[PDB]
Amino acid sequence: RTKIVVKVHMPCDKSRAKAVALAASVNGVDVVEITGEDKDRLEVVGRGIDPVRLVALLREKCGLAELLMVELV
């Protein structure tokens, strides 16, 4: 249903993993993937996602989260 693209502070490859894993646990999330040429963005797909609570949770635990694009399909 919804495709979210959020930019996350993920310095090393271990913070990538735990960020990819946090979004995975949000309700409604079917899939998370790393993306962007700087490998600094997550793409989150699912149905019924709350984009605000998602990005907030990323920002609390990572230090930065910015919602870039919300797409419907």
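Note that residue numbering begins at 1 and tracks the sequence as displayed.
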* Relative to the other modelled residues in the chain, which third contains the C-alpha temperature factor of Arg53: lowest, middle or highest? -> highest
* Asked: Split the chain's modelled residues into thirds by Cα B-factor; is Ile4 in the lowest, middle or highest one?
  -> middle
* Determine, from the deposited record, the chain-internal third of the Cα B-factor for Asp40: lowest, middle or highest. => middle
* Lowest, middle or highest third of the chain for the C-alpha temperature factor of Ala24? -> middle
* Structure fact -> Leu68: C-alpha B-factor third of its chain, per the entry, is the lowest
